[PDB]
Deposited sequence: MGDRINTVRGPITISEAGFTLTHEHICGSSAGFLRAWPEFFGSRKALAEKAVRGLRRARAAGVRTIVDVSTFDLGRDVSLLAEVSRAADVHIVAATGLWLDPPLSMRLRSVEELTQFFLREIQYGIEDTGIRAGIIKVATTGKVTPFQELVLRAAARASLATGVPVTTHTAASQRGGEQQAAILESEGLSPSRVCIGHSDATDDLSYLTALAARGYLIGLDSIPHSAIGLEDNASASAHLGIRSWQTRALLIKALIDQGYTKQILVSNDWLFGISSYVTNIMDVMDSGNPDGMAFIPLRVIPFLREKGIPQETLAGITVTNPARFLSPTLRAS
């Protein structure tokens, strides 16, 4: 133990089950949900939609999701705890920073950012006692100077705790290469890192090189195509990496959410009509699509159960 922190407390890795490693309850901004809950109809309406959505995902086999909403994505761990309890789905909460850090974060040193990430992992988030079980970082283009500080702080928090790092990248710009250079310079093992949004390219050699270095490859936005590139085209990247022998490097998810304020108004209605399966898109469409392309059950179980368990269990490090 080696246990994984969830918003309801620690769980053993055998409890994690079928895990979606990149999801959101709500994509927002710090403070926003509590200051303007009517933007989502109400806090109650958002909670009830998320409960129904997680209960839908649970009925399709999901047992754990990783909500990679950070501070600056408006993460509200008390909402996560509520919907987790009512849906009987484990939710792992995140620390780190995404692409919208306020001034009080932008002006911090790497040492200070490290103590904030560590506080959220070791002590708890806000006054809730809920501890993060993953560190989420986002970078753009070439890593900005501040984004490099965040990566180094993330590496340092991970190295003290064994909790893994998952990233937001622009795959069309091959952004994981710069992320990997920085994280390795800190001494972080690639086996502690998921390079996410990696399904947003056709450049397989970029993904294969990262997997061959030990990185987990986050093919985590497949339903976003379903809203030229078909979602089945993105799904075939999973088979491509399987076929090259890197199934133990693959993590798959929807990158879905149940409310969104960090974008144009009503985008949630467009997203939901584009993907009515929500977070069940992965188990209900991608998994059977991979099966009829000849992927065996043992491999799919490895990807959806074994890999997330290894990824999320704190190590220390191989």
Response to the item:
The deposited sequence goes unmodelled at 1, 229-241, 333
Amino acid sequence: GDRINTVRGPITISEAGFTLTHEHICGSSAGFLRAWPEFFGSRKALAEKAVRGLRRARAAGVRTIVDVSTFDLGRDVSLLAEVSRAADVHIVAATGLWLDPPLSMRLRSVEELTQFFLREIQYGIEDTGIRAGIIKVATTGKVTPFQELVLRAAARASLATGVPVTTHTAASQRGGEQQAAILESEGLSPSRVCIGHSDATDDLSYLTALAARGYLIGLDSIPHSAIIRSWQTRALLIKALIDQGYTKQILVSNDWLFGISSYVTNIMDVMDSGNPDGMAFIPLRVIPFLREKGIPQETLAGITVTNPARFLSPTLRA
From here on, numbers count along this sequence of modelled residues.
Item to complete: Determine, for stretches 170-178 and 146-154, which one has the higher mean CA B-factor as deposited.
Response: 170-178
Worksheet item: Mean C-alpha B-factor higher for 253-261, or for 268-276?
Response: 268-276
Practice prompt. Specify which of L99, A81, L236, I121 carries the largest Cα B factor in the deposited PDB entry.
Written response: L236
Response to the item:
One of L159, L216, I228, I134 has the largest Cα B-factor in the entry, namely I228
Practice prompt. Ordered by C-alpha B-factor within the chain, which third holds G41? Give me lowest, middle or highest, please.
Written response: middle
Item to complete: Taking the values exactly as deposited, rank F289 by C-alpha B-factor within its chain and report the matching third: lowest, middle or highest.
Response: highest
Worksheet, complete the sentence: Temperature factor at the Cα of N307, chain-ranked in thirds, falls in the lowest
Discussion item. Going by the CA temperature factor in the PDB record, which third of the chain does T139 belong to: lowest, middle or highest?
Written reply: middle
Worksheet item: With respect to C-alpha B-factor, does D76 fall in the lowest, middle or highest third of the chain as deposited?
Response: lowest
